[PDB]
Amino acid sequence: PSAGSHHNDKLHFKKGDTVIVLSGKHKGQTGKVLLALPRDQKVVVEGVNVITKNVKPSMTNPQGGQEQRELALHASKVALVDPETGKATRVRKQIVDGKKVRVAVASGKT
Amino acid sequence: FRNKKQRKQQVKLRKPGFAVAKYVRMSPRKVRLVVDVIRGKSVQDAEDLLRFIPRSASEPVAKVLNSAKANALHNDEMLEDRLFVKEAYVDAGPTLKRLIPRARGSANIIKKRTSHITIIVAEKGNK
Amino acid sequence: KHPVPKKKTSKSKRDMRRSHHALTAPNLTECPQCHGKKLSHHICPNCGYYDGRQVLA
Amino acid sequence: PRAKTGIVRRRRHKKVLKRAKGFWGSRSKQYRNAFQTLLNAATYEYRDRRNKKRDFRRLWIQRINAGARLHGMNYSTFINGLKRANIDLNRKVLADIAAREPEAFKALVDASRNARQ
RNA sequence: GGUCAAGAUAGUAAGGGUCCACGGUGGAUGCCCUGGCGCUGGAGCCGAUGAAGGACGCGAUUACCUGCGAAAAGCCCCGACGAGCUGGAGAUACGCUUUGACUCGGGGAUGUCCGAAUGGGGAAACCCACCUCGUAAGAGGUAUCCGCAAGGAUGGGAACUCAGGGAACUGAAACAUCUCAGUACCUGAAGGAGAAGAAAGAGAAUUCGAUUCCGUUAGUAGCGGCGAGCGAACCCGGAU
RNA sequence: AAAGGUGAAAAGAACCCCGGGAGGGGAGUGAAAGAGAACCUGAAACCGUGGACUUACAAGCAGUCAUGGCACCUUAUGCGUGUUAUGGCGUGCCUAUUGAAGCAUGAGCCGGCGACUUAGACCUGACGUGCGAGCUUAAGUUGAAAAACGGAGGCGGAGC
RNA sequence: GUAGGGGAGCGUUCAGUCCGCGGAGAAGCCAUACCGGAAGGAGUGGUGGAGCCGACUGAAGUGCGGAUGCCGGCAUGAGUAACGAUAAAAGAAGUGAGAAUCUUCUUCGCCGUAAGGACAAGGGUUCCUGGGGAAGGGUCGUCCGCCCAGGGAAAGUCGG
Ligand SMILES: [Mg+2]
Ligand SMILES: [Mg+2]
Ligand SMILES: [Mg+2]
Ligand SMILES: [Mg+2]
Ligand SMILES: [Mg+2]
Ligand SMILES: [Mg+2]
Ligand SMILES: [Mg+2]
Ligand SMILES: [Mg+2]
Ligand SMILES: [Mg+2]
Ligand SMILES: [Mg+2]
Ligand SMILES: [Mg+2]
Ligand SMILES: [Mg+2]
Ligand SMILES: [Mg+2]
Ligand SMILES: [Mg+2]
Ligand SMILES: [Mg+2]
Ligand SMILES: [Mg+2]
Ligand SMILES: [Mg+2]
Ligand SMILES: [Mg+2]
Ligand SMILES: [Mg+2]
Ligand SMILES: [Mg+2]
Ligand SMILES: [Mg+2]
Ligand SMILES: [Mg+2]
Ligand SMILES: [Mg+2]
Ligand SMILES: [Mg+2]
Ligand SMILES: [Mg+2]
Ligand SMILES: [Mg+2]
Ligand SMILES: [Mg+2]
Ligand SMILES: [Mg+2]
Ligand SMILES: [Mg+2]
Ligand SMILES: [Mg+2]
Ligand SMILES: [Mg+2]
Ligand SMILES: [Mg+2]
Ligand SMILES: [Mg+2]
Ligand SMILES: [Mg+2]
Ligand SMILES: [Mg+2]
Ligand SMILES: [Mg+2]
Ligand SMILES: [Mg+2]
Ligand SMILES: [Mg+2]
Ligand SMILES: [Mg+2]
Ligand SMILES: [Mg+2]
Ligand SMILES: [Mg+2]
Ligand SMILES: [Mg+2]
Ligand SMILES: [Mg+2]
């Protein structure tokens, strides 16, 4: 019963966009979209961040070894930001050129 | 403390001088026969008696005894020359079941039972 | 033919019966040399001593 | 719609079972034999309310006869003696006089053998 | 106090019992949904251009499933979306993609072998041929029935339809006519419906006007070991 | 045929201790490992450890009543709660039967599943409601996050 | 007071409406000496981790101890019978975490128109090598016809 089903496998933001974290423990911290998976609705933001363990495997290296890497998040705790407001912001689809669709707020655009 | 959740954050439960062998492929009443000798007795003794008891079970039970020792010494900094088997018991694991043929058409079900051996070491002063 | 029990035996009964299955713990002595423990009139299984030294290491 | 048992049967059961503590063996741990034991218990309860009323009267009477005879009187003659002198005492009370207070019971004896004369 | 004497009573539990505490077993109960159920409405045929259903394959690694078919998790063009993708599979590596990928919609190309199987044989998925072209590789053809030909047929499809054939238990408080019942089942042919249909009619008003279906007439008229029980039609009102 | 459930998120427990392993104890993560992959709750039968009071002169459907002993004090210092000693009293349940403790039937135990219902626009009573010498529609039509129309028919109205 | 008739109610799911609770923790589970005439119902505490109580009204797959009932789990018999031909074993040595059971050596014993060898039918990787040890082996296993991986099968003349 996949996570994307509810959100029509659609991402409300692109990869490389900056994002503010709406909900949870990392309220409001900000970051670049390093990875975004539409169907699963999961997204990586240089702020979440956990300590993972590499257990036995002799690759990498015989001993264990711990590690610091960010752990992806659910789309619905992510938003495009607005350079003016600087805050959590909705999006309007308007037009430019020359056939390009673009994204505005209450004061375009990102 | 104000909330159960508060306690579940603040304390964390400890199992002071306690080891458990789970799913030992033996029968409880058997294993008990052995254990009842170990119990109340001062850890050293237990270590010996287990080497001269001529049941099979004697061996898994030896092993749990040592595990509880290494949990009271290491993970609990207790005093060897004062350790004794404060408590020990056996309870029933999920028992393996297998069909076995019998005479004429009849079939049967052997219960290869399993076992949970539990030892709990603890220091003993008289005062 | 083919006897069978008439009635389930109570937990109480069954257990009264079992009042004799207590194992008997070894009488154990400590070897006069290498020092662990041994059975009377057996060879001390740690060193191998029975007055001088019989079984091997 | 369907309506499972959900929750009711276990509540009933625990009710019986909890009436049944201290009962021997399965009588206190298996529902049916509990419930059963309890039917017979019913009989015994009702009966014995009446019957204890029967029993205590008996006891009083025993003690009374005893005291009566200490001072050289049978009980029956002692009680007609009391009714004659229109002393109107409970035998519960007569027993307690007889057992607890010597001289007083004595006095009632003398009064009664007087009523007999 | 000591000895003797007479008398009375206590504790210890090998194991058991009742209760309490703490666990194990086990999977009830509560909560939940990724799975069902019915009703309503939609939609209704596939196939010699090889179907339904399969076998064997295709993967960097591939046992199962999915998708595909030696052009083999896919190839071509068109349309949509616009940043991810590299199937369930979550696993490492290789990599693809803003010259527009992946996914969605729409057509085509390829489509091994079996299966109506149809070159001949055969114990389905395998064995053996013949003919025309071709340099070989390869390609195509080689069944039967209607027809001059063109072209049509064979096979499959839960229910629904019509047709050929057609039970018994059971009910009659036994049973034989009767009833179950033209039901079950079998065979046939066909469609998305089919059947039926354009009065040598129903009927009694010199009335009505192709058929089917619903209500109703009506448990009426009748049928019947006149027993059990079976049971219309006309009129009238609707659907078309 | 049976089959279901970590967690919000795999952050799926590096590393240390006993063990060949299995399993476990730490640590670390987590809000919670009183969620660790034999992972939601986790009842009962059933198996054990520990503690209270108890039991080795005793005849018993195991209860019930009365009293004494010990113990305990969160609807609890009394009408007590647990447990016991002794006395009185007492023939399991169901079914089937003239008659059941019956040496008559059923039953190992606990948990779940498990048996008087639906239909018709049928028949006949009781209760209630709306109209009332009258009462009512059916198919259907339209509307339909509702209902309204629809008199064809049916019931009373006279019996013999 | 049995069949039976009648009367008033308790509890369960779902439904409409009203009230209203719930992470400062719901349902479910657990303990309990309180309440009600009974079905039953609350108070507090422990559990649990996301839903739910009360009231009135409506509709039911609505209440279990029985049916040698059904599915499931766990008891009893019980550490009992048995461990599958009475052809038979002994020592050393090796290995190994662990050996009466595995490997080697020396003997012993049992088949020898068989208990040896080769085809067919059938089976289907069981063969060989290297590893493994949960379960399968009626004990034990370090071993195996088991588990994992990789190899192995060659026809003008045998059979089709
Ligand atoms: Mg009286
Ligand atoms: Mg003892
Ligand atoms: Mg396949
Ligand atoms: Mg090709
Ligand atoms: Mg394209
Ligand atoms: Mg897309
Ligand atoms: Mg062919
Ligand atoms: Mg017949
Ligand atoms: Mg008949
Ligand atoms: Mg056909
Ligand atoms: Mg481990
Ligand atoms: Mg912490
Ligand atoms: Mg005890
Ligand atoms: Mg005597
Ligand atoms: Mg005694
Ligand atoms: Mg009789
Ligand atoms: Mg009778
Ligand atoms: Mg009997
Ligand atoms: Mg009987
Ligand atoms: Mg009979
Ligand atoms: Mg029997
Ligand atoms: Mg009326
Ligand atoms: Mg009465
Ligand atoms: Mg409600
Ligand atoms: Mg509910
Ligand atoms: Mg039952
Ligand atoms: Mg039987
Ligand atoms: Mg069973
Ligand atoms: Mg024995
Ligand atoms: Mg026996
Ligand atoms: Mg024997
Ligand atoms: Mg034997
Ligand atoms: Mg043998
Ligand atoms: Mg032998
Ligand atoms: Mg060695
Ligand atoms: Mg042997
Ligand atoms: Mg050698
Ligand atoms: Mg041979
Ligand atoms: Mg072969
Ligand atoms: Mg074995
Ligand atoms: Mg090894
Ligand atoms: Mg081999
Ligand atoms: Mg040759």
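The numbering of chain C matches Swiss-Prot: 3-59, in order.
Recorded method for this deposit: X-ray crystallography, 2.9 Å.
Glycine residues also receive a Cβ, built from the backbone N, Cα and C atoms like all the rest.
Database features, via Swiss-Prot:
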- C:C33, C:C36, C:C46, C:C49: Zn(2+) binding site (BINDING)
- C:33-49: zinc finger (ZN_FING)
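If you take the C-beta of C:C49 (Zn(2+) binding site) and look for same-chain residues 6 or more apart in sequence within under 8 angstroms, you find C:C33, C:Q35, C:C36, C:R55, C:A59. The highest number of surrounding Cβ atoms within 10 Å, among the binding-site residues C:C33, C:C36, C:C46, is found at C:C46.
C:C33 (Zn(2+) binding site) falls within neither a helix nor a strand when secondary structure is assigned with DSSP, and so counts as coil.
Cβ proximity to the Zn(2+) site centre (mean Cβ of C:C33, C:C36, C:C46, C:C49, cutoff 8 Å) flags the following additional same-chain residues: C:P34, C:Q35, C:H37, C:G38, C:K40, C:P47, C:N48, C:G50, C:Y51.
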